[PDB]
file input_32.pdb (PDB, C-alpha atoms)
ATOM      1  CA  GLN A 262     102.363 -37.031  81.643  1.00  0.00           C
ATOM      2  CA  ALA A 263     102.971 -38.185  85.172  1.00  0.00           C
ATOM      3  CA  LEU A 264     101.053 -41.297  86.355  1.00  0.00           C
ATOM      4  CA  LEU A 265     102.067 -42.772  82.985  1.00  0.00           C
ATOM      5  CA  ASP A 266     104.854 -44.450  84.916  1.00  0.00           C
ATOM      6  CA  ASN A 267     103.387 -47.894  85.469  1.00  0.00           C
ATOM      7  CA  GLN A 268     105.466 -48.548  88.551  1.00  0.00           C
ATOM      8  CA  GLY A 269     102.775 -47.490  90.951  1.00  0.00           C
ATOM      9  CA  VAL A 270      99.356 -49.081  90.748  1.00  0.00           C
ATOM     10  CA  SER A 271      96.904 -48.617  87.905  1.00  0.00           C
ATOM     11  CA  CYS A 272      94.115 -46.050  87.534  1.00  0.00           C
ATOM     12  CA  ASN A 273      90.920 -45.574  85.580  1.00  0.00           C
ATOM     13  CA  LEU A 274      91.302 -42.765  83.075  1.00  0.00           C
ATOM     14  CA  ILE A 275      88.258 -40.797  81.920  1.00  0.00           C
ATOM     15  CA  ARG A 276      88.392 -39.280  78.463  1.00  0.00           C
ATOM     16  CA  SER A 277      86.251 -36.749  76.645  1.00  0.00           C
ATOM     17  CA  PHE A 278      85.949 -37.842  73.067  1.00  0.00           C
ATOM     18  CA  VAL A 279      85.458 -35.716  69.979  1.00  0.00           C
ATOM     19  CA  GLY A 280      82.682 -37.268  67.940  1.00  0.00           C
ATOM     20  CA  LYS A 281      81.142 -38.928  70.963  1.00  0.00           C
ATOM     21  CA  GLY A 282      80.786 -38.171  74.642  1.00  0.00           C
ATOM     22  CA  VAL A 283      83.113 -38.377  77.594  1.00  0.00           C
ATOM     23  CA  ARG A 284      83.956 -42.041  77.393  1.00  0.00           C
ATOM     24  CA  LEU A 285      85.111 -44.028  80.361  1.00  0.00           C
ATOM     25  CA  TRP A 286      88.597 -45.322  79.795  1.00  0.00           C
ATOM     26  CA  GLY A 287      89.729 -47.634  82.549  1.00  0.00           C
ATOM     27  CA  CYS A 288      88.801 -51.019  84.025  1.00  0.00           C
ATOM     28  CA  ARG A 289      91.820 -52.813  85.483  1.00  0.00           C
ATOM     29  CA  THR A 290      92.276 -53.245  89.190  1.00  0.00           C
ATOM     30  CA  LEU A 291      95.105 -52.034  91.379  1.00  0.00           C
ATOM     31  CA  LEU A 292      96.664 -55.418  91.225  1.00  0.00           C
ATOM     32  CA  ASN A 293      99.073 -53.756  88.822  1.00  0.00           C
ATOM     33  CA  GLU A 294      99.651 -57.131  87.352  1.00  0.00           C
ATOM     34  CA  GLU A 295      99.455 -59.052  84.122  1.00  0.00           C
ATOM     35  CA  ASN A 296      98.544 -62.639  84.938  1.00  0.00           C
ATOM     36  CA  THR A 297      96.130 -62.821  87.852  1.00  0.00           C
ATOM     37  CA  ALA A 298      92.531 -62.631  86.666  1.00  0.00           C
ATOM     38  CA  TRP A 299      91.874 -59.905  89.233  1.00  0.00           C
ATOM     39  CA  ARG A 300      92.306 -56.915  87.043  1.00  0.00           C
ATOM     40  CA  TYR A 301      89.349 -56.203  84.697  1.00  0.00           C
ATOM     41  CA  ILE A 302      87.001 -55.147  87.509  1.00  0.00           C
ATOM     42  CA  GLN A 303      83.952 -56.915  86.071  1.00  0.00           C
ATOM     43  CA  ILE A 304      85.789 -60.209  86.621  1.00  0.00           C
ATOM     44  CA  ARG A 305      86.162 -59.414  90.331  1.00  0.00           C
ATOM     45  CA  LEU A 306      82.508 -58.593  90.546  1.00  0.00           C
ATOM     46  CA  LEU A 307      81.029 -61.290  88.311  1.00  0.00           C
ATOM     47  CA  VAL A 308      82.331 -64.011  90.584  1.00  0.00           C
ATOM     48  CA  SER A 309      81.213 -62.265  93.781  1.00  0.00           C
ATOM     49  CA  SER A 310      77.566 -62.233  92.786  1.00  0.00           C
ATOM     50  CA  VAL A 311      77.794 -65.891  91.892  1.00  0.00           C
ATOM     51  CA  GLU A 312      79.375 -66.351  95.305  1.00  0.00           C
ATOM     52  CA  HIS A 313      76.367 -64.442  96.548  1.00  0.00           C
TER
ATOM     53  CA  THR B   2      98.818 -46.497  84.103  1.00  0.00           C
ATOM     54  CA  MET B   3      96.204 -46.708  81.360  1.00  0.00           C
ATOM     55  CA  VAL B   4      96.085 -47.376  77.670  1.00  0.00           C
ATOM     56  CA  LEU B   5      94.025 -46.751  74.514  1.00  0.00           C
ATOM     57  CA  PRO B   6      93.011 -49.465  71.937  1.00  0.00           C
ATOM     58  CA  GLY B   7      96.164 -49.031  69.894  1.00  0.00           C
ATOM     59  CA  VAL B   8      94.639 -49.423  66.432  1.00  0.00           C
ATOM     60  CA  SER B   9      98.082 -50.423  65.139  1.00  0.00           C
ATOM     61  CA  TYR B  10      98.315 -49.382  61.508  1.00  0.00           C
ATOM     62  CA  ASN B  11     100.850 -50.932  59.130  1.00  0.00           C
ATOM     63  CA  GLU B  12     101.066 -51.946  55.461  1.00  0.00           C
ATOM     64  CA  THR B  13     102.984 -54.056  52.924  1.00  0.00           C
ATOM     65  CA  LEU B  14     104.695 -53.719  49.572  1.00  0.00           C
ATOM     66  CA  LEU B  15     105.148 -54.781  45.970  1.00  0.00           C
ATOM     67  CA  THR B  16     107.734 -54.341  43.203  1.00  0.00           C
ATOM     68  CA  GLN B  17     110.068 -56.954  41.868  1.00  0.00           C
ATOM     69  CA  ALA B  18     110.145 -54.455  38.982  1.00  0.00           C
ATOM     70  CA  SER B  19     113.950 -54.427  38.272  1.00  0.00           C
ATOM     71  CA  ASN B  20     114.444 -55.506  34.659  1.00  0.00           C
ATOM     72  CA  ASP B  21     117.192 -53.513  32.942  1.00  0.00           C
ATOM     73  CA  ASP B  22     119.836 -55.715  31.276  1.00  0.00           C
ATOM     74  CA  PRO B  23     122.132 -52.977  29.953  1.00  0.00           C
ATOM     75  CA  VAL B  24     124.551 -55.605  28.701  1.00  0.00           C
ATOM     76  CA  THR B  25     123.084 -55.223  25.228  1.00  0.00           C
ATOM     77  CA  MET B  26     123.932 -51.540  25.347  1.00  0.00           C
ATOM     78  CA  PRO B  27     126.883 -50.511  23.179  1.00  0.00           C
ATOM     79  CA  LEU B  28     129.395 -47.819  24.012  1.00  0.00           C
ATOM     80  CA  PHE B  29     131.023 -45.677  21.344  1.00  0.00           C
ATOM     81  CA  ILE B  30     134.378 -44.864  22.833  1.00  0.00           C
ATOM     82  CA  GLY B  31     135.868 -42.531  20.253  1.00  0.00           C
ATOM     83  CA  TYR B  32     137.409 -39.095  20.487  1.00  0.00           C
ATOM     84  CA  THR B  33     135.316 -35.970  20.159  1.00  0.00           C
ATOM     85  CA  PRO B  34     134.390 -35.042  16.589  1.00  0.00           C
ATOM     86  CA  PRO B  35     135.527 -31.400  16.418  1.00  0.00           C
ATOM     87  CA  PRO B  40     131.948 -29.451  24.980  1.00  0.00           C
ATOM     88  CA  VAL B  41     131.670 -32.961  26.437  1.00  0.00           C
ATOM     89  CA  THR B  42     133.803 -34.597  29.093  1.00  0.00           C
ATOM     90  CA  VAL B  43     136.846 -36.566  28.018  1.00  0.00           C
ATOM     91  CA  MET B  44     135.735 -39.409  30.182  1.00  0.00           C
ATOM     92  CA  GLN B  45     132.012 -39.997  30.586  1.00  0.00           C
ATOM     93  CA  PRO B  46     129.707 -42.315  28.623  1.00  0.00           C
ATOM     94  CA  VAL B  47     126.907 -40.312  27.013  1.00  0.00           C
ATOM     95  CA  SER B  48     123.560 -41.801  26.029  1.00  0.00           C
ATOM     96  CA  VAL B  49     122.314 -41.344  22.471  1.00  0.00           C
ATOM     97  CA  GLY B  50     118.707 -40.862  21.498  1.00  0.00           C
ATOM     98  CA  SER B  51     119.345 -40.710  17.767  1.00  0.00           C
ATOM     99  CA  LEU B  52     121.751 -39.602  15.094  1.00  0.00           C
ATOM    100  CA  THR B  53     119.399 -36.687  14.698  1.00  0.00           C
TER
END
call {"tool": "encode", "arguments": {"input": "input_32.pdb", "output": "structure tokens"}}
result
Amino acid sequence: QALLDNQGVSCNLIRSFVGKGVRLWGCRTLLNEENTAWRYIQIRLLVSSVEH
Amino acid sequence: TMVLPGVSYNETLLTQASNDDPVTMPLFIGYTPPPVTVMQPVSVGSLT
């Protein structure tokens, strides 16, 4: 129940599900922040390949 | 720091149903014909 304090930076949780497998449960970058489009890790990486 | 989809269940309601109008109800306020209270109104199904 620690790390549930969202005062330090975010994580990526990994969860084992019941009727399906161990499902990945986190994609939100350590910009622990609500407005910059630099959480949601795929957004960080989608641009970078276009930059590439 | 993480979070689940939060499926967020709720529901709504119904029921205006209130209808009574017990103004048309009479009250017989006599003495006891000779173990009721001395004070309470008592409903009557029938004379039977």
call {"tool": "residues_around", "arguments": {"input": "input_32.pdb", "residues": "stretch 274-290 of chain A", "least_positions_apart": "6", "cutoff": "9 Å", "atoms": "only C-alpha atoms", "output": "ChimeraX atom specification"}}
result
/A:299-303,305 /B:2-5
call {"tool": "atom_distance", "arguments": {"input": "input_32.pdb", "atom1": "atom CA of residue B:44", "atom2": "atom CA of residue B:19"}}
result
27.7 Å
call {"tool": "closest_residue", "arguments": {"input": "input_32.pdb", "among": "A:310, A:297, A:273, A:262", "to": "chain B", "atoms": "all atoms listed in the file"}}
result
A:273
call {"tool": "resolve_selection", "arguments": {"input": "input_32.pdb", "expression": "the ChimeraX specification (/B :<6) & /A", "output": "JSON, numbers by chain"}}
result
{"A": [265, 267, 271, 272]}
call {"tool": "atom_distance", "arguments": {"input": "input_32.pdb", "atom1": "atom CA of residue A:293", "atom2": "atom CA of residue A:311"}}
result
24.7 Å
call {"tool": "atom_distance", "arguments": {"input": "input_32.pdb", "atom1": "atom CA of residue A:270", "atom2": "atom CA of residue A:295"}}
result
12.0 Å
call {"tool": "residues_around", "arguments": {"input": "input_32.pdb", "residues": "residue B:29", "least_positions_apart": "6", "cutoff": "10 Å", "atoms": "all atoms listed in the file", "output": "ChimeraX atom specification"}}
result
/B:46-49
